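Participant: Once you've had a glance at the structure underneath, I'll fire off some questions.
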Amino acid sequence: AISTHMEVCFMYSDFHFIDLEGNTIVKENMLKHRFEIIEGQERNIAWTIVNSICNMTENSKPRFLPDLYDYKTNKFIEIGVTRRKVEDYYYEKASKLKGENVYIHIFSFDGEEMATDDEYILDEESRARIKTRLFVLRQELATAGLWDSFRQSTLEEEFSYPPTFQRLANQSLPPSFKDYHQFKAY
Amino acid sequence: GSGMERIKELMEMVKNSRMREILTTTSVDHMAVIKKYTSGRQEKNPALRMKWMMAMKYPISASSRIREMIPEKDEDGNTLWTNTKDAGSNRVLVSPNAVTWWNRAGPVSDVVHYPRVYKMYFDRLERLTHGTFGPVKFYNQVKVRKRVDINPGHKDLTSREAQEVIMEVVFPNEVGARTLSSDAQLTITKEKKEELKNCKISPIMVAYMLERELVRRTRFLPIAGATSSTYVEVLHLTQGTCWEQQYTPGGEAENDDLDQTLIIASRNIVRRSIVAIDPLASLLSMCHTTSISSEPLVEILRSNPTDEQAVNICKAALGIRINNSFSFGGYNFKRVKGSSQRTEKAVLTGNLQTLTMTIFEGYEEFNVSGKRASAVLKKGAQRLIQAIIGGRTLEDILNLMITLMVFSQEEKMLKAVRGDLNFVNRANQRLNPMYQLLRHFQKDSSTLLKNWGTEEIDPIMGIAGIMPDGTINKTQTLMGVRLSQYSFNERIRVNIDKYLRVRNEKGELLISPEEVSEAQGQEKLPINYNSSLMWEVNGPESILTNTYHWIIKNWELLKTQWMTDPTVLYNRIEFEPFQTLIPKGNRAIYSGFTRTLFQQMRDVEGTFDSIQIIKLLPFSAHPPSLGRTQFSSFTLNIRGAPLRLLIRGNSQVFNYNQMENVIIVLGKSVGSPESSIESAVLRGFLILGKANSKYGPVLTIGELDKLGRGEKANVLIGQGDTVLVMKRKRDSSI
Amino acid sequence: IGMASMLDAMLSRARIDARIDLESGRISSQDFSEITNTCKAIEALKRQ
Amino acid sequence: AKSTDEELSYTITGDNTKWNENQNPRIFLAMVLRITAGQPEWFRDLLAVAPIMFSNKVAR
Amino acid sequence: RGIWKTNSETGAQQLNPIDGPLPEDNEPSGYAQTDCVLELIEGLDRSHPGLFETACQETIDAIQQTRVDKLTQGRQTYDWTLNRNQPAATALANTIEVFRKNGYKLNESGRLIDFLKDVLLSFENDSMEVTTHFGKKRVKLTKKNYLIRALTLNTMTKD
RNA sequence: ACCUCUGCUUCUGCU
RNA sequence: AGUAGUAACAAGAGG
Ligand SMILES: CN1CN([C@@H]2O[C@H](COP(=O)(O)OP(=O)(O)OP(=O)(O)O)[C@@H](O)[C@H]2O)c2nc(N)[nH]c(=O)c21
Ligand SMILES: Nc1ccn([C@@H]2O[C@H](COP(=O)(O)OP(=O)(O)OP(=O)(O)O)[C@@H](O)[C@H]2O)c(=O)n1
Ligand SMILES: [Mg+2]
């Protein structure tokens, strides 16, 4: 799940730059990246990047860690991928992220999507690539017998004595007691 | 090249396999340990070690870069640096001549930010430069240990609020997830952020100083006078074992400190006045002579909006309009109708804790206003009958609700305290019951809210309801808690009689002096009563020591007067302050006991005892009243704890030390005056000497009445002693 | 705080610092590229 | 304050002989188990570790 | 006058005077009596209802929040990996490093309690490997050796 | 001989 | 010898 989510995110912004002018470009090989990839940064590092962006733009900081930020739209991106449906899932995500400016963009393995207000900030070409890859994954998930498995998916502190320490404990008691557990009960 | 030099350095390090291993295998978390990895030990005798090293040529460790920044040898041929690396680093060993060289001839930076970064320090000098000195006076005063504030100019933030703020100010991009709720936080941030832009002093020092400045710090110190932080800061200068150096620091007071001192002054004046023959005249005198830091108390009382019972008695006397209210939890409380009366009683909290606590019993009605919220409250004995509440936000209506639930004194809030809440500090000092509860339920009301309950509301819609959630709710609410939306602030003309009872124009009783809190607080700012009715040295301990010191030093005159003209002695005005230390209910009997005993000493010649006289004399100073009670001690209230002064011999409070030949009162010498028969211990009896089983079993004191003229006994007189007493054949009238 | 390596944190920080410096004008576009370049070379060198 | 006027009062200025040598890890174990009564067993057992180790200590 | 036993793990001779015979003179005694201690502690519980519970609660929170680096705050510390004293932080690092080389690394969480777990778990090891400097030699402690070092307090005189 | 290094570092604890 | 005082120093280590 996480592996795929990550790949999607990397795809969304790879070979997507901005000129010294300041216009969307796409290139294989002066430029500067178009998005900031936030997903897959360790939590603490990620918040630093968010903060640096928000302090630059004087925009409000989101309650949750987004997956991308776009230096052209000046928008934080959230991304999801679902072996389920594109709309029962979206509506859960928009709810969780209620009341903060975050462009959502679902994709399913079928190879169909659903942006917010069906306004796409990425070109069809680059969006096709992702829809392609999502299906091909469903295809190799099903051949191996995994795709059925995949699509379906506080504890109290523990502290106890391993054998040696247990034996030490048993020998650390007033003389009438045979073992640590008997002494603790008394 | 912002970022240029550091990434290039990083490149070079990663080219080394070792360094790369470290940087790839050490978590940020684990860096906290390896950061301290060292063979170097914390010097254990730094004084010796420095005396040793300062004999050496190159005792100082400096950055490698010193080698580029200063000459290797100075004009006199002193070597300033060497290429020897200090153990465990890339620092190099250098001479102290390098420091001097740098200070005479090195690079000159500009220091514009220094005052602002080190403001906490510079302010100290500012206060001193603009300080005023008065005279030094010499006297003994008890310096009682208490916790006091030590850093003027803090912003009253917790360490986590300070951290949050300092993170925003100094290292904004490293803040992490959450950001600042408080507006105090936000305006400090902007101010500081604006003061410290382009600042090139190390961020370590800036954070350090901000933390020192912004967080309230305290310490336990022996302190006789003003407890304000600006006075604490110069305690070494203003207070000695036998002296006070009168002093006023430069700068403004805190409004908080002034308000606090105004209350203490007003209470002191009221308590002193109540024991005068003409309270109102005495109160006015003191009001008109008193100052707080050289400001006349009269002017403060005219300009100061504090509503408090003693303050208001003073305002009334002076013809100043009052808002017949008090403060509690930041909200102002006007009593509309009804009344109640102060009674202390034991109280088990849900914390599981016994506690004496003054509890108001009776029917009362309160209009309540704060800056964001307001309410109407009806109250019984620990009864929240009803609270109608309004304000700007839900938040602000909530915060007042909490306050009112706590103010009720209800069992349900009493027995909703959870976790760590105690009524005595670490030093065993009693704390304010009600302020403790308030602070607790403002930290966390969840138990309180759940423990309270609910109520089904009617369709007279407009009388809305609030749920144990904190939620807005139409049909249900809490119990007694409702929501709704001219002259609450409006100050009225009152009148005041000779005994300080305050009434409106219609002539209803608004305030009586018996409603004034008995708490003896310590003033944040200096009070000078400048009054013949007050000891020059302030405070309860000082009433005790001053009075006894005064008796002793004037003993020759006072003795003759004890012999020739007692009643004039007893009525002297110098004994009135001391009267305020005696429980009201005991003054007359204590006086009657004392006068009787003193007459016995006169009648029974040869039994004069100057110490016994000095000791009991101040207790003579109230219209007497005879009784059957024998006293083994008199109670004195010092700082809300009773001390007992033993009638017979020495006590912790009052003792004559043979060895020094001094009288010691609360641990302080107050100087010295310089047969077996004791005439002035028991009413009606004489002590002859040591016990004698001849005259039968040892009786308590409270079993002596059942004797008769001339008849004797053995008595457990106190402090373990047994003595032979005789009932007197004639008794003394007084 | 973090489970990230010292190196990874420094790389992530250099990159995003260089980007803000660029927008805000504290740094040239040339400098900026060299920073992201140095970063990439560090990324690589970290694989032996 | 809590005393009656008829009571004598004495103070011992007090010190103990070889305090540390006569303290006992087994007793500390008892104290820790009793103080932590009713608490989660992981925490009781965690806190009991120090006394147990002291019962089994050696001195270089 | 107490009871001697041989420790199963270290072979140490261990004297136990608890619930031993009552003192018979005024000489210093270690014959503390469990039931008497318990009576006293119960007395303290009864005098201060809720005190034990609160102090426990705070201690639990502390156990959850404390970072491993808290142990850097000590002074000279016996360092079993060297059989010599070292600054506390250096001693901590050495333990962590040798632990991880021998397969104990719950402490990577950064939580003190996880380091405590590693400690107890380290006693199950057949032979803890450390390195001495002759250049560099790997030395294997016996299970017994290791446990003895773990249970060691180094000693010196008070100046 | 003479050379080199070292001057708290095999030894300074605990709330 | 001297310092010291329940055990040390009166140089140590290495070449
Ligand atoms: C619950 N309360 C509290 N209270 C008033 O609350 C005011 C301040 O609260 P407090 O806790 O008594 O503080 P106070 O004694 O002034 O503080 P200090 O320790 O400085 O003396 C007092 O003036 C007191 O009269 C009340 N007054 C009336 N009439 N009825 C009540 O039910 C209550
Ligand atoms: N420098 C010190 C001094 C004392 N203590 C602790 O304080 C206790 C009491 O110290 P002291 O009365 O000086 O010694 P005792 O061990 O009681 O021995 P004695 O009084 O018989 O000399 C010690 O046992 C020890 O736990 C300590 O840890 N460090
Ligand atoms: Mg002792």
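Note on naming: chains are A, B, ... as they come in the structure tokens, residues start from 1 per chain, ligands start from 1 in the order shown.
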Give as JSON, numbers by chain the residues surrounding ligand 2 up to a distance of 7 Å, considering only C-alpha atoms (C1' of nucleotides) and all ligand atoms.
Facilitator: {"D": [15, 16, 17, 18, 19, 20, 21], "F": [14]}
Participant: Which residues, written as a ChimeraX atom specification, have at least one atom at most 10 Å from region 53-69 of chain A, with only C-alpha atoms (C1' of nucleotides) counted and residues fewer than 4 positions away on the same chain left out?
Facilitator: /A:5-6,9-10,12-13,34-41,43,46-49,73-80,96-97,99-104 /B:172-173,177-179 /C:16-17,19-21,23-24
Participant: Hey, could you make a per-residue contact list for chain B against ligand 1 with 9 Å as the cut-off, showing the nearest pair of atoms and its distance in Å to one decimal, counting only C-alpha atoms and all ligand atoms, sorted by chain and number, as JSON lines?
Facilitator:
{"residue": "B:260", "atom": "CA", "partner": "ligand 1", "partner_atom_place_in_ligand_line": "20 (O)", "distance": 8.6}
{"residue": "B:263", "atom": "CA", "partner": "ligand 1", "partner_atom_place_in_ligand_line": "20 (O)", "distance": 8.3}
{"residue": "B:264", "atom": "CA", "partner": "ligand 1", "partner_atom_place_in_ligand_line": "20 (O)", "distance": 8.2}
{"residue": "B:308", "atom": "CA", "partner": "ligand 1", "partner_atom_place_in_ligand_line": "23 (O)", "distance": 6.3}
{"residue": "B:309", "atom": "CA", "partner": "ligand 1", "partner_atom_place_in_ligand_line": "23 (O)", "distance": 6.5}
{"residue": "B:325", "atom": "CA", "partner": "ligand 1", "partner_atom_place_in_ligand_line": "23 (O)", "distance": 8.1}
{"residue": "B:326", "atom": "CA", "partner": "ligand 1", "partner_atom_place_in_ligand_line": "23 (O)", "distance": 5.4}
{"residue": "B:327", "atom": "CA", "partner": "ligand 1", "partner_atom_place_in_ligand_line": "8 (C)", "distance": 5.9}
{"residue": "B:328", "atom": "CA", "partner": "ligand 1", "partner_atom_place_in_ligand_line": "8 (C)", "distance": 5.3}
{"residue": "B:329", "atom": "CA", "partner": "ligand 1", "partner_atom_place_in_ligand_line": "9 (O)", "distance": 8.4}
{"residue": "B:333", "atom": "CA", "partner": "ligand 1", "partner_atom_place_in_ligand_line": "6 (O)", "distance": 8.3}
{"residue": "B:335", "atom": "CA", "partner": "ligand 1", "partner_atom_place_in_ligand_line": "29 (N)", "distance": 7.2}
{"residue": "B:339", "atom": "CA", "partner": "ligand 1", "partner_atom_place_in_ligand_line": "29 (N)", "distance": 6.4}
{"residue": "B:340", "atom": "CA", "partner": "ligand 1", "partner_atom_place_in_ligand_line": "29 (N)", "distance": 6.1}
{"residue": "B:341", "atom": "CA", "partner": "ligand 1", "partner_atom_place_in_ligand_line": "29 (N)", "distance": 7.6}
{"residue": "B:342", "atom": "CA", "partner": "ligand 1", "partner_atom_place_in_ligand_line": "25 (O)", "distance": 8.3}
{"residue": "B:358", "atom": "CA", "partner": "ligand 1", "partner_atom_place_in_ligand_line": "12 (O)", "distance": 7.9}
{"residue": "B:359", "atom": "CA", "partner": "ligand 1", "partner_atom_place_in_ligand_line": "1 (C)", "distance": 6.9}
{"residue": "B:360", "atom": "CA", "partner": "ligand 1", "partner_atom_place_in_ligand_line": "32 (O)", "distance": 4.8}
{"residue": "B:361", "atom": "CA", "partner": "ligand 1", "partner_atom_place_in_ligand_line": "32 (O)", "distance": 7.2}
{"residue": "B:362", "atom": "CA", "partner": "ligand 1", "partner_atom_place_in_ligand_line": "32 (O)", "distance": 8.1}
{"residue": "B:363", "atom": "CA", "partner": "ligand 1", "partner_atom_place_in_ligand_line": "30 (N)", "distance": 8.8}
{"residue": "B:364", "atom": "CA", "partner": "ligand 1", "partner_atom_place_in_ligand_line": "30 (N)", "distance": 7.0}
{"residue": "B:365", "atom": "CA", "partner": "ligand 1", "partner_atom_place_in_ligand_line": "29 (N)", "distance": 8.9}
{"residue": "B:366", "atom": "CA", "partner": "ligand 1", "partner_atom_place_in_ligand_line": "29 (N)", "distance": 8.7}
{"residue": "B:379", "atom": "CA", "partner": "ligand 1", "partner_atom_place_in_ligand_line": "32 (O)", "distance": 6.8}
{"residue": "B:380", "atom": "CA", "partner": "ligand 1", "partner_atom_place_in_ligand_line": "32 (O)", "distance": 7.6}
{"residue": "B:381", "atom": "CA", "partner": "ligand 1", "partner_atom_place_in_ligand_line": "32 (O)", "distance": 7.4}
{"residue": "B:382", "atom": "CA", "partner": "ligand 1", "partner_atom_place_in_ligand_line": "32 (O)", "distance": 7.5}
{"residue": "B:383", "atom": "CA", "partner": "ligand 1", "partner_atom_place_in_ligand_line": "32 (O)", "distance": 8.7}
{"residue": "B:404", "atom": "CA", "partner": "ligand 1", "partner_atom_place_in_ligand_line": "1 (C)", "distance": 8.9}
{"residue": "B:406", "atom": "CA", "partner": "ligand 1", "partner_atom_place_in_ligand_line": "1 (C)", "distance": 8.1}
{"residue": "B:407", "atom": "CA", "partner": "ligand 1", "partner_atom_place_in_ligand_line": "1 (C)", "distance": 4.7}
{"residue": "B:408", "atom": "CA", "partner": "ligand 1", "partner_atom_place_in_ligand_line": "1 (C)", "distance": 5.9}
{"residue": "B:409", "atom": "CA", "partner": "ligand 1", "partner_atom_place_in_ligand_line": "1 (C)", "distance": 6.3}
{"residue": "B:431", "atom": "CA", "partner": "ligand 1", "partner_atom_place_in_ligand_line": "19 (O)", "distance": 8.2}
{"residue": "B:432", "atom": "CA", "partner": "ligand 1", "partner_atom_place_in_ligand_line": "19 (O)", "distance": 6.0}
{"residue": "B:433", "atom": "CA", "partner": "ligand 1", "partner_atom_place_in_ligand_line": "11 (O)", "distance": 7.0}
{"residue": "B:434", "atom": "CA", "partner": "ligand 1", "partner_atom_place_in_ligand_line": "11 (O)", "distance": 5.2}
{"residue": "B:435", "atom": "CA", "partner": "ligand 1", "partner_atom_place_in_ligand_line": "11 (O)", "distance": 6.4}
{"residue": "B:515", "atom": "CA", "partner": "ligand 1", "partner_atom_place_in_ligand_line": "25 (O)", "distance": 7.3}
{"residue": "B:516", "atom": "CA", "partner": "ligand 1", "partner_atom_place_in_ligand_line": "23 (O)", "distance": 7.4}
{"residue": "B:517", "atom": "CA", "partner": "ligand 1", "partner_atom_place_in_ligand_line": "21 (O)", "distance": 5.0}
{"residue": "B:518", "atom": "CA", "partner": "ligand 1", "partner_atom_place_in_ligand_line": "21 (O)", "distance": 6.6}
{"residue": "B:519", "atom": "CA", "partner": "ligand 1", "partner_atom_place_in_ligand_line": "21 (O)", "distance": 4.7}
{"residue": "B:520", "atom": "CA", "partner": "ligand 1", "partner_atom_place_in_ligand_line": "21 (O)", "distance": 7.6}
{"residue": "B:521", "atom": "CA", "partner": "ligand 1", "partner_atom_place_in_ligand_line": "20 (O)", "distance": 6.5}
Participant: Using DSSP assignments from the backbone, pull out every residue in region 73-151 of chain A that falls under alpha helix (DSSP H) and give it to me as a ChimeraX atom specification.
Facilitator: /A:90-96,124-143,147-151
Participant: Under the rule that only C-alpha atoms and all ligand atoms are counted, which of E:145, E:122, E:134, E:28 is the nearest residue to ligand 3?
Facilitator: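 Residue with the minimum atom-to-atom distance to ligand 3: E:28.
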Participant: As a PyMOL selection string, please: the residues near residue 11 (chain F) (cut-off 12 Å, only C-alpha atoms (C1' of nucleotides), same-chain neighbours under 5 positions excluded).
Facilitator: chain E and resi 76+78+84-86+154-159
Participant: Quick one: residues within 9 Å of residue 141 (chain E), only C-alpha atoms (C1' of nucleotides), excluding same-chain residues fewer than 4 positions away - as a PyMOL selection string?
Facilitator: chain E and resi 126-130+145-146
Participant: Name the residues in contact with residue 488 (chain B) at a cut-off of 10 Å, using only C-alpha atoms (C1' of nucleotides), excluding same-chain residues fewer than 4 positions from it; report them as a PyMOL selection string.
Facilitator: chain B and resi 323-325+332-334+367-369
Participant: Would you list which chain A residues are within 7 Å of chain D using only C-alpha atoms, as a VMD selection string?
Facilitator: chain A and resid 158 to 160 168 to 169 172 to 174 184
Participant: Only N, CA, C and O atoms, please: the residues just picked out, written as a short mmCIF file (atom, residue, chain, number, x, y, z; two decimals), in the first residue's frame.
Facilitator:
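Result went into out.cif, see below:
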data_model
loop_
_atom_site.label_atom_id
_atom_site.label_comp_id
_atom_site.auth_asym_id
_atom_site.auth_seq_id
_atom_site.Cartn_x
_atom_site.Cartn_y
_atom_site.Cartn_z
N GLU A 158 4.15 -3.22 28.06
CA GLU A 158 4.60 -4.52 28.51
C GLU A 158 5.95 -4.33 29.20
O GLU A 158 6.76 -3.52 28.76
N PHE A 159 6.15 -5.05 30.31
CA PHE A 159 7.46 -5.14 30.94
C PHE A 159 7.44 -6.39 31.80
O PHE A 159 6.67 -6.49 32.75
N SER A 160 8.27 -7.38 31.44
CA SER A 160 8.31 -8.59 32.24
C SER A 160 9.75 -9.09 32.35
O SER A 160 10.63 -8.61 31.66
N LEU A 168 16.99 -14.24 39.44
CA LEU A 168 17.54 -13.26 40.38
C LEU A 168 16.46 -12.74 41.34
O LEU A 168 16.70 -12.61 42.53
N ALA A 169 15.26 -12.49 40.82
CA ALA A 169 14.19 -11.93 41.62
C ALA A 169 13.81 -12.90 42.73
O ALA A 169 13.57 -12.50 43.87
N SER A 172 15.92 -12.65 45.84
CA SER A 172 16.05 -11.28 46.32
C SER A 172 14.99 -10.98 47.38
O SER A 172 14.62 -9.83 47.57
N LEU A 173 14.51 -12.03 48.06
CA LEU A 173 13.33 -11.92 48.90
C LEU A 173 13.70 -12.17 50.36
O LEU A 173 14.73 -12.75 50.67
N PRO A 174 12.81 -11.82 51.31
CA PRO A 174 12.97 -12.28 52.68
C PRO A 174 13.05 -13.80 52.66
O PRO A 174 12.55 -14.45 51.75
N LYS A 184 5.33 -10.99 45.97
CA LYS A 184 4.43 -9.94 45.50
C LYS A 184 3.00 -10.19 45.96
O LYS A 184 2.32 -9.24 46.35
#
Participant: Kindly determine which residues of chain E lie within 8 Å of chain A, considering only C-alpha atoms, and give the answer as a ChimeraX atom specification.
Facilitator: /E:3,7-9,16,18-19,34,117,120-121,123-124
Participant: Taking the chain letters and numbering used in this document, name the residues of chain E that DSSP puts in strand (DSSP E), as an MDAnalysis selection string.
Facilitator: chainID E and resid 3:6 13:16 77:79 84:86 127:132 137:142 152:153
Participant: Go ahead and write the residues just picked, C-alpha atoms, as a compact mmCIF listing (two decimals), in the first residue's frame.
Facilitator:
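File produced: result.txt:
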# COMPACT_ATOMS: atom_id res chain seq x y z
CA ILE E 3 21.08 -16.77 56.18
CA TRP E 4 23.68 -17.55 53.53
CA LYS E 5 22.83 -18.69 50.02
CA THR E 6 24.84 -19.19 46.82
CA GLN E 13 27.69 -15.78 48.55
CA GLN E 14 24.64 -13.79 49.63
CA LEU E 15 23.74 -12.93 53.20
CA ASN E 16 20.08 -12.36 54.10
CA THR E 77 30.01 5.84 35.78
CA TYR E 78 31.27 2.28 35.95
CA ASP E 79 31.66 1.16 32.33
CA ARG E 84 36.84 1.18 34.02
CA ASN E 85 34.94 4.35 34.92
CA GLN E 86 33.83 6.78 32.18
CA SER E 127 28.33 -14.65 25.44
CA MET E 128 28.42 -10.89 25.13
CA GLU E 129 31.11 -9.69 22.71
CA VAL E 130 33.18 -6.57 23.49
CA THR E 131 36.47 -5.33 21.95
CA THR E 132 39.71 -4.63 23.89
CA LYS E 137 40.59 -7.76 19.80
CA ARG E 138 37.07 -9.20 20.14
CA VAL E 139 36.53 -10.66 23.60
CA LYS E 140 33.60 -12.82 24.59
CA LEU E 141 32.28 -12.50 28.11
CA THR E 142 30.70 -15.62 29.59
CA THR E 152 28.91 -4.14 39.68
CA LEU E 153 29.39 -0.92 41.61
Participant: Using Å and a single decimal, report how far CA of residue 254 (chain B) sits from CA of residue 191 (chain B).
Facilitator: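 One can read the CA of residue 191 (chain B) to CA of residue 254 (chain B) distance as 19.9 Å.
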Participant: For a quick check of understanding, using only C-alpha atoms, which of B:128, B:60, B:68, B:174 has the smallest distance to chain C?
Facilitator: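 The answer is B:174, which sits nearest to chain C.
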Participant: Quick one: which chain D residues come within 6 Å of chain E, and what is the nearest atom pair for each with the distance in Å to one decimal, counting only C-alpha atoms, rows ordered by chain and ascending number, as a tab-separated table?
Facilitator:
residue	atom	partner	partner_atom	distance
D:22	CA	E:30	CA	4.8
D:35	CA	E:52	CA	5.9
D:57	CA	E:151	CA	4.8
D:58	CA	E:152	CA	5.0
D:59	CA	E:153	CA	5.0
D:60	CA	E:154	CA	4.9
Participant: I'd like the neighbourhood of region 2-15 of chain G as a list in words, where a residue qualifies if any of its atoms comes within 9 Å (using only C-alpha atoms (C1' of nucleotides)), though same-chain residues fewer than 5 positions away should be ignored.
Facilitator: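 Final neighbour list, sorted by chain and number: residues 3, 4, 5 and 6 of chain F.
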Participant: One number please: CA of residue 417 (chain B) to CA of residue 352 (chain B), in Å, one decimal.
Facilitator: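 CA of residue 352 (chain B) lies 8.7 Å from CA of residue 417 (chain B).
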Participant: Counting only C-alpha atoms, a student should be able to say which residues of chain B come within 7 Å of chain D; what is the right answer, written as a list in words?
Facilitator: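 On the chain B side, the interface is residues 632, 642, 643, 716, 717, 718, 719 and 720 of chain B.
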Participant: Atoms to include: N, CA and C atoms. Write the selected residues as a PDB file, in the first residue's frame.
Facilitator:
ATOM      1  N   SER B 632      -3.687  28.653  81.164  1.00  0.00           N
ATOM      2  CA  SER B 632      -2.306  28.215  81.174  1.00  0.00           C
ATOM      3  C   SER B 632      -1.534  28.891  80.036  1.00  0.00           C
ATOM      4  N   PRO B 642      -1.702  29.917  65.239  1.00  0.00           N
ATOM      5  CA  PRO B 642      -1.708  30.319  66.642  1.00  0.00           C
ATOM      6  C   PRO B 642      -0.400  29.940  67.319  1.00  0.00           C
ATOM      7  N   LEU B 643       0.249  30.913  67.970  1.00  0.00           N
ATOM      8  CA  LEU B 643       1.297  30.635  68.938  1.00  0.00           C
ATOM      9  C   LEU B 643       0.672  30.781  70.321  1.00  0.00           C
ATOM     10  N   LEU B 716      -0.596  20.126  88.436  1.00  0.00           N
ATOM     11  CA  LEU B 716       0.103  20.014  87.168  1.00  0.00           C
ATOM     12  C   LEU B 716      -0.008  21.359  86.456  1.00  0.00           C
ATOM     13  N   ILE B 717       0.924  22.257  86.783  1.00  0.00           N
ATOM     14  CA  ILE B 717       0.767  23.662  86.452  1.00  0.00           C
ATOM     15  C   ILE B 717       1.102  23.929  84.977  1.00  0.00           C
ATOM     16  N   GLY B 718       1.918  23.059  84.376  1.00  0.00           N
ATOM     17  CA  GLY B 718       2.282  23.180  82.977  1.00  0.00           C
ATOM     18  C   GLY B 718       3.731  22.754  82.759  1.00  0.00           C
ATOM     19  N   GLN B 719       4.073  22.473  81.493  1.00  0.00           N
ATOM     20  CA  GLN B 719       5.415  22.089  81.084  1.00  0.00           C
ATOM     21  C   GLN B 719       5.958  21.022  82.030  1.00  0.00           C
ATOM     22  N   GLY B 720       5.122  20.052  82.382  1.00  0.00           N
ATOM     23  CA  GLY B 720       5.592  18.895  83.125  1.00  0.00           C
ATOM     24  C   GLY B 720       5.727  19.104  84.633  1.00  0.00           C
TER      25      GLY B 720
END
